[PDB]
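Trainee: This is the structure, below, for whatever I ask next.
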Amino acid sequence: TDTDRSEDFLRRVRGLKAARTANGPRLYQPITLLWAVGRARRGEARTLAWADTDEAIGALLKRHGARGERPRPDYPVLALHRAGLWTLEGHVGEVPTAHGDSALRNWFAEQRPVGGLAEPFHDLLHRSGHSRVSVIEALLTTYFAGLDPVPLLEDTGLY
DNA sequence: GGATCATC
DNA sequence: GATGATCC
């Protein structure tokens with residue numbers, strides 16, 4: 001029930017498709033997850049209007065874009081939607097992929113979908129502390145291997 | 001709107 | 001071959 005929902009979450013995170021720079025993975029997705037991991041910790045709303053998130057995640061990409069991350073939260077949240085971790089509804093029709101640039105801006109600017117982390121994962125990280133460490137340590141090892149994470153970890157309530 | 005690369 | 005993204 002709860003433990004199965006836990007290892008479900010990790011399985012999806014371990015099997016994430018992320019782009020990789022010359023020296024490591026692009027941090028678009030972990031910046032997104034840790035932003036939602038922190039919000040789930042403080043019990044904050046689950047879903048948010050895209051402009052409110054586009055700013056929030058985009059702000060963190062501006063501050064901690066260690067691999068030239070530009071403030072484009074639409075790339076990770078589409079990969080995470082395909083990964084089963086993100087809920088997108090409000091839009092009409094079908095959700096695009098994260099291959100391109102213009103269409104990613106146009107789709108989000110036109111539909112303006114309300115998005116958040118998946119309902120069972122958000123509530124799980126709220127109540128379960130065992131899962132917050134297993135999701136942070138997993139993301140920190142695979143994505144931030146060699147980098148200073150504590151500035152980002154601070155700016156999301158995850159110190 | 002596109003060429004292009006790396007990863008899946 | 002489809003998907004996460006750089007770059008024009």
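Throughout, read-outs are computed from the coordinates displayed, never taken from laboratory work. FYI the Cβ positions are ideal-geometry reconstructions off the backbone, even for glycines, and counts take in every protein chain you see.
Trainee: Taking the conditions exactly as written (within 16 Å of DNA strand C (Cβ to nearest atom) and out of contact with any helix residue (DSSP H, G or I) (no Cβ under 8 Å at 6 or more places or on another chain)), does residue A:21 satisfy them or not?
Mentor: When the stated conditions are applied, residue A:21 passes them.
Trainee: Residue A:10 is checked against (1) surrounded by 13 or more Cβ atoms within 10 Å (Cβ to Cβ); (2) closer than 20 Å to residue A:155 by Cβ; (3) touching a residue at least 60 places away in the same chain (Cβ under 8 Å) and fails just one. What number does that condition carry?
Mentor: (2)
Trainee: Tell me, which helices (runs of 4 or more DSSP H) wholly within the range A:1-70 include 2 or more residues that are within 16 Å of DNA strand B (Cβ to nearest atom) and among the basic types (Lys, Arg)?
Mentor: Where helices (runs of 4 or more DSSP H) fall fully within the range A:1-70 and carry at least 2 residues being within 16 Å of DNA strand B (Cβ to nearest atom) and among the basic types (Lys, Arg), they are A:2-14.
Trainee: Output the residue which, of all residues in the range A:46-62 that are in contact (Cβ under 8 Å) with a residue 60 or more places away in the chain, among the aliphatic types (A, V, I, L, M) and under 18 Å from residue A:81 (Cα atoms), is surrounded by the fewest Cβ atoms within 10 Å (Cβ to Cβ).
Mentor: The selected residue is A:51.
Trainee: Can you give me the number of residues within the range A:118-134 that are farther than 18 Å from residue A:30 by Cα and among the polar types (S, T, N, Q)?
Mentor: 1
Trainee: Being in contact with a helix residue (DSSP H, G or I) (Cβ under 8 Å, 6 or more places away or on another chain) and of a type outside the set (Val, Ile, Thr) is the filter here; which residues of the range A:112-126 pass it?
Mentor: Residues satisfying the conditions are A:112, A:113, A:115, A:116, A:117, A:120, A:121, A:122, A:123, A:124, A:125, A:126.
Trainee: Select from the range A:35-72 the residues that are of a type in the set (S, T, N, Q) and under 23 Å from residue A:19 (Cβ atoms) and list them in ascending order.
Mentor: Residue satisfying the conditions is A:53 alone.
Trainee: Taking the residues in the range A:103-119 that are surrounded by 15 or more Cβ atoms within 10 Å (Cβ to Cβ) and hydrophobic (A, V, I, L, M, F, W, C) as candidates, determine which candidate is farthest from DNA strand C (Cβ to nearest atom).
Mentor: Out of the qualifying residues, it is A:114.
Trainee: Let me ask something else. Between a first residue in the range A:84-111 that is closer than 26 Å to residue A:122 by Cα and among the small types (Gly, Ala, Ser) and a second residue that is more than 15 Å from DNA strand C (Cβ to nearest atom) and assigned to a helix (DSSP H, G or I), which pairs have beta carbons less than 7 Å apart while being 6 or more apart in sequence or on different chains?
Mentor: Taking only residues 6 or more apart or on different chains, the pairs are A:90/A:111.
Trainee: Consider residue A:142 carefully, then state whether it is β-branched (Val, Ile, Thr) and touching an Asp or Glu at 6+ places or on another chain (Cβ under 8 Å).
Mentor: It is false that residue A:142 is β-branched (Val, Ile, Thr) and touching an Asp or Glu at 6+ places or on another chain (Cβ under 8 Å).
Trainee: Looking only at residues that are within 10 Å of DNA strand C (Cβ to nearest atom) and either among the charged types (D, E, K, R) or outside any loop (DSSP other than H, G, I, E, B) (or both) in the range A:78-102, which one is surrounded by the most Cβ atoms within 10 Å (Cβ to Cβ)?
Mentor: A:80
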